[PDB]
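Residue numbers (my numbering), protein chains in the order written: chain X, 4 to 265; chain Z, 4 to 265; chain Y, 3 to 70; chain R, 3 to 70; chain S, 482 to 753; chain C, 482 to 753.
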Amino acid sequence: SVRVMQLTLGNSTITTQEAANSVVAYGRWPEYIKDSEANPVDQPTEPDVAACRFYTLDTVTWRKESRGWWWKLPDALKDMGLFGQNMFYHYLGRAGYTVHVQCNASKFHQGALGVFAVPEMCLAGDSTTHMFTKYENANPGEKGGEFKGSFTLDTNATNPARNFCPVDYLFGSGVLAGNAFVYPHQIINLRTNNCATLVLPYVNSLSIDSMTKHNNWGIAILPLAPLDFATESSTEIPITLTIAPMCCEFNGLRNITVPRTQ
Amino acid sequence: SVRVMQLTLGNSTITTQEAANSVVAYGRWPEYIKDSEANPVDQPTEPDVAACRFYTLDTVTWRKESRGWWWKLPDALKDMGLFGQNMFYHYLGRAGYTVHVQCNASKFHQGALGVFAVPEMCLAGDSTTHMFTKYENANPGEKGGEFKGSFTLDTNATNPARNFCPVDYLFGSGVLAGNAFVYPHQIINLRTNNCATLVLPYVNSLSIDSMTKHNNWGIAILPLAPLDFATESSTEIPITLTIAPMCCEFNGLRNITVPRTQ
Amino acid sequence: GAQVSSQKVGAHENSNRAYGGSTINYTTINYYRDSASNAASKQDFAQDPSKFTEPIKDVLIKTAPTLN
Amino acid sequence: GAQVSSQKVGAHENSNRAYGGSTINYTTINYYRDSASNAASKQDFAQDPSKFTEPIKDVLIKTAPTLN
Amino acid sequence: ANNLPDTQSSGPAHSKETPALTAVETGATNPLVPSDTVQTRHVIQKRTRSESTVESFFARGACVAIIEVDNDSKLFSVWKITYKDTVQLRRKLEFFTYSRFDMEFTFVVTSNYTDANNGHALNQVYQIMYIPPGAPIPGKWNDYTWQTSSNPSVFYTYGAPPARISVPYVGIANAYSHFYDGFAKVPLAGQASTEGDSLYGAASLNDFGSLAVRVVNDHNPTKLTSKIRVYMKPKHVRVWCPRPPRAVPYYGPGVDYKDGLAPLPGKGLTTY
Amino acid sequence: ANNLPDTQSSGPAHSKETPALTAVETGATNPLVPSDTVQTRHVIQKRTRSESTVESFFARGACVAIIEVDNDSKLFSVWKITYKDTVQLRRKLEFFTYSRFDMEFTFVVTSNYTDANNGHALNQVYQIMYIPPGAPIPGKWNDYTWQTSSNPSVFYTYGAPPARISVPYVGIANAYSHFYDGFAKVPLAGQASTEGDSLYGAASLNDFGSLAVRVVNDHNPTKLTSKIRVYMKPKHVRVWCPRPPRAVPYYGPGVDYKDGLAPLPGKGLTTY
Ligand SMILES: COc1ccc(OCc2ccc(COc3c(Cl)cccc3Cl)cc2)c(Cl)c1
Ligand SMILES: COc1ccc(OCc2ccc(COc3c(Cl)cccc3Cl)cc2)c(Cl)c1
């Protein structure tokens with residue numbers, strides 16, 4: 004039925020008994036580069052089962068006060084097994100994804116989470132200096148980031164944070180959040196479903212790019228209807244994020260990249 | 004399924020996700036007068052969409068102590084939009100109906116309502132004078148009336164009430180209520196359904212009659228199993244009644260009728 | 003090398019020329035070798051919004067229950 | 003996409019060209035896609051004034067009595 | 482750019498099909514039409530979406546720059562090519578993530594005497610030279626760079642109809658990116674913080690080069706100023722991935738915001 | 482736009498057919514021709530009604546507005562689009578109740594020095610921007626609204642032949658109404674008199690929007706004034722329901738009158 008599914012990729016399987024169908028972004032399933040759209044001339048590496056499998060990133064907790072969370076792809080998976088290895092050993096890389104967000108509660112809980120997949124999800128910074136966010140802050144990895152309820156300008160001139168300041172109702176980029184529904188999405192309304200499943204093809208203005216310099220997709224999760232339970236002002240339910248890269252192919256092998264951190 | 008439905012008449016639509024099928028009284032769907040059964044010779048008016056649509060009468064509240072409610076048709080709809088206008092402008096009128104009773108609660112509530120559609124639903128009065136109920140009292144309109152737990156004789160000779168005294172277990176007419184199941188009906192048992200839907204054809208010993216002098220159908224709602232909740236001696240759930248006239252045709256147009264009131 | 007297309011006549015004159023003939027056609031000829039120099043033809047097509055309106059994996063009917 | 007119509011010659015020159023040939027025709031070609039950009043053809047038709055002059059239900063003959 | 486479907490007449494219903502009920506959690510929009518929830522009549526639809534096609538939406542010349550030159554270094558000016566110096570065209574382009582089109586540039590040139598009662602000059606001729614990223618940039622209004630042996634130049638005579646030229650799709654990618662979630666450099670472990678640092682959301686330091694404008698006539702002591710307003714129109718348009726439009730004021734070339742963060746007015750929940 | 486019928490010869494009569502007698506009470510006009518009441522000869526008719534066709538009657542550019550701008554807020558002006566600012570075209574259009582046509586607008590631009598012996602300015606360029614009802618109206622002769630990324634603009638260089646553009650049938654109804662016997666609002670029972678009140682015979686508060694005109698050049702202290710005379714010609718014309726023409730002077734946008742109520746002169750009943 005629309006509600007029961009099983010996803011198998013490599014050596015990993017995911018089962019769900021409360022789905023609300025699955026979304027295939029823009030109606031496009033991920034695919035490899037065709038010869039007619041090929042650019043780099045060298046033989047690509049395609050790890051296949053070693054990289055195209057389900058990786059579970061860290062679990063976040065939803066509370067009445069949560070504003071939202073965000074992650075960047077392939078960034079969030081840079082340290083994930085052999086996918087991360089191939090990402091850093093190659094100059095160029097390409098991949099699609101199957102994003103599976105998990106969140107179960109009970110029949111006496113309420114709340115709705117909007118799960119959006121955004122191509123080129125550029126976020127707003129914290130200073131008066133334009134495009135000032137530094138690489139280390141823009142790429143948090145598997146832990147991702149969070150949305151805020153208001154904009155707060157960083158004034159420390161001696162030691163600028165050079166970080167993002169994504170305000171939730173402004174979708175972290177100066178647009179109204181209610182219009183974010185034009186992007187592939189699903190809603191995890193506690194009275195209806197457990198999860199949200201989105202299949203994302205590779206989207207870019209090029210056939211292949213640098214995975215370290217460029218993040219193709221952004222995953223934004225916003226509480227559309229806040230978490231509430233029985234009468235417990237105190238309520239916490241975890242949100243686990245499991246993502247699997249698809250049709251990975253890398254070009255331009257050399258020595259490994261070791262990016263600067265923190 | 005037997006449980007999900009959508010009814011569309013004119014510019015009004017009703018949806019339900021917890022139905023228990025629908026009853027078509029005597030297996031007859033409402034229809035217009037055929038030439039072989041026609042009586043008045045003048046061209047009829049058939050308002051169609053302007054009169055044949057869903058009209059929501061006033062909501063009543065069910066409590067542990069409720070004895071029951073009743074309405075008369077076309078009486079309850081006499082002030083409803085263009086249906087009421089056509090009713091009063093014409094000497095003769097005919098119509099069928101789609102009665103949709105609404106009552107939702109929760110999985111921890113109990114109670115069962117018997118919804119009966121009675122042709123020629125004559126009710127008992129309050130005095131020793133036979134057939135003494137006056138026109139104004141017999142025709143309450145959209146607010147309808149209520150059943151009582153016992154018979155109480157009106158003794159004020161100076162100012163007789165000239166009203167009905169419908170005792171519930173006597174079905175308001177001197178017959179046992181348990182036998183009222185011989186009339187088209189449905190039961191709204193809180194653990195099973197939200198509503199009751201009955202399609203009533205025009206029933207009478209004539210093809211067309213005076214809608215102001217005569218009420219063709221009566222709607223009786225009796226609590227078969229009283230309302231009860233968790234441990235709240237205090238419980239109230241509303242019962243909304245939505246009715247739509249069908250196949251309306253009127254004959255004998257003249258000046259408008261303005262009946263005496265109160 | 004002339005391209006002859008027909009116009010979508012809005013307001014019609016009290017003429018038969020307003021309803022037929024070359025009088026409701028327009029002529030075009032490209033003078034430049036580079037396609038960039040060309041004007042816009044404006045005979046543009048449409049498409050199905052489904053990729054945005056219903057990017058669902060398992061296709062569903064509006065009459066039928068969405069959650070099944 | 004050229005439209006070739008003939009002119010209604012008023013004053014005639016002492017030529018045979020004033021009475022025949024392409025010399026009494028004029029040529030037209032639309033350059034714009036929108037019909038609004040077009041000039042007026044001016045080959046406009048007429049109609050019966052009856053809707054104004056005789057909007058009578060029961061048609062009457064002038065020779066015959068109007069009031070009958 | 483076509484027709485809309487006709488409305489078919491629809492009568493009453495009493496069925497198990499309920500198109501009015503749905504579940505938006507799936508991520509889909511309910512494709513209902515009037516006849517699904519009310520009784521409709523047959524209407525022969527004659528309206529079309531001819532003017533809302535991606536092409537017609539952009540088929541307008543929008544101002545992207547106002548270059549100024551004072552013919553008394555101001556004897557010449559340089560404008561770094563961009564669509565972000567103005568807000569109107571920028572906001573329309575940003576309804577999409579990627580685009581691919583040709584461009585038509587029209588130049589409206591105006592000039593005037595600064596002094597109401599002083600100076601005089603003969604008719605001016607302007608040279609608008611395109612300097613592709615890499616070509617030498619003029620240091621003086623009359624140095625060797627203005628020979629344009631390879632750079633495309635446009636010589637405009639004051640008073641003539643606005644100059645106009647077409648440019649093909651010149652991107653180095655398969656489409657123009659309106660948004661680039663990345664950097665041009667990756668800072669490597671071990672290098673000084675000064676190292677490997679670049680702007681967020683920036684690609685090339687010099688994407689499309691710039692325009693160098695000057696008056697070719699010998700300057701007279703007279704005080705004169707000229708302004709070249711650049712209008713650009715995307716033609717032969719294709720766009721990908723729609724995005725919600727900009728709701729708050731722009732704050733630079735990025736998606737940064739600062740000032741008008743409260744765009745919506747107050748309105749009663751139960752007030753019509 | 483065609484031929485007239487020939488006159489057929491007609492001889493004497495002595496019959497029971499009397500076309501001369503009629504009864505105008507019916508609401509009809511007696512369709513007599515000369516041969517009905519007199520003896521006629523055969524005349525081959527060569528006259529035609531080519532110039533009185535609805536199209537030829539309106540095929541002339543009529544002045545509908547004179548917009549003025551003083552290049553020393555007058556640096557720019559706004560004209561609410563209408564055909565009622567002038568009387569000549571208005572009176573011709575009002576021979577009919579409804580109309581449907583395309584429009585051709587020609588702009589004649591003139592300018593001059595206010596001072597006979599002072600000031601000087603270089604050739605002016607004008608921008609005529611159409612602001613459709615809803616679009617932002619310019620507050621300054623140089624604010625962001627003049628970027629016209631979507632509004633249609635016309636840039637005219639002084640001295641060039643008059644500018645000219647065509648506009649399609651833009652009505653929201655199936656025809657333009659020259660007369661509207663109604664209101665835009667219905668006052669409801671119970672509401673304050675201030676409520677539900679609107680002008681008699683008025684439809685939208687902003688029917689067709691307006692034109693914003695300005696000189697693009699930087700203004701010099703010199704005193705200059707320019708005037709843009711707008712000429713409009715209905716082309717591809719269709720008209721419905723004839724009406725008697727305006728006999729007394731116009732008094733506003735409505736059918737209101739006040740002054741020249743006695744249009745006819747005196748003449749003796751028996752004076753030729
Ligand atoms: C996504 O939106 C875009 C993408 C690219 C753009 O600019 C690309 C660009 C590249 C070269 C030239 C050079 O064009 C010119 C030449 Cl050859 C000669 C003279 C004058 C000009 Cl003006 C002009 C624009 C703009 Cl403005 C918007
Ligand atoms: C019944 O008689 C009528 C009906 C409508 C009329 O005006 C309708 C109308 C609507 C838009 C425009 C806008 O036209 C323009 C444009 Cl796009 C660009 C530049 C200049 C102009 Cl000018 C002009 C006129 C007039 Cl004048 C008479």
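Using N, Cα and C, we set each Cβ at its ideal position, and we do this for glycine too.
Residue i - DSSP class collapsed to helix/strand/coil
i      : result
X/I17  : strand
X/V185 : helix
Z/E252 : strand
S/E585 : strand
Y/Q9   : coil
Z/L227 : strand
Z/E145 : helix
X/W32  : coil
C/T591 : strand
Z/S236 : coil
S/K573 : helix
Z/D61  : coil
X/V170 : strand
C/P723 : strand
C/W627 : helix
Z/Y138 : helix
X/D212 : strand
S/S707 : strand
S/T578 : strand
Opening and closing residue of the alpha helix (DSSP H) in which residue i lies
i      : result
S/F539 : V535 to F539
R/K53  : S52 to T55
Of the listed residues the options, nearest to residue i (C-alpha basis)
i      : options                           : result
C/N655 : C/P725, C/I525 and C/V720         : C/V720
X/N166 : X/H133, X/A180 and X/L193         : X/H133
Z/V170 : Z/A180, Z/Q20, Z/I190 and Z/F119  : Z/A180
Z/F174 : Z/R194, Z/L227, Z/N142 and Z/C198 : Z/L227
S/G542 : S/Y657, S/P643 and S/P668         : S/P643
X/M249 : X/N197, X/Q88, X/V52 and X/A108   : X/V52
Strand pairing of residue i, partner residues [DSSP]
i      : result
X/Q105 : X/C198 and X/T243
C/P614 : C/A616
Z/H112 : Z/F232
C/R695 : C/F557 and C/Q608
X/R165 : X/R165 pairs with nothing; no bridge assigned.
S/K716 : S/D583
X/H217 : S/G663
X/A120 : X/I222
X/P262 : S/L669
Extent of the continuous beta strand (DSSP E) to which residue i belongs
i      : result
X/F91  : Careful: X/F91 lies outside any beta strand (DSSP E), inside the alpha helix (DSSP H) at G84 to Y92.
S/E549 : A543 to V550
Y/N27  : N27 to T30
C/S647 : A644 to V648
X/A180 : Where X/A180 is concerned, there is no enclosing beta strand (DSSP E), given that its DSSP letter is neither H nor E.
Check: residue i C-beta below 7 Å from any heavy atom of ligand 4
i      : result
C/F689 : Looking at this structure, you won't find ligand 4 anywhere; what it does contain is ligand 1 and ligand 2.
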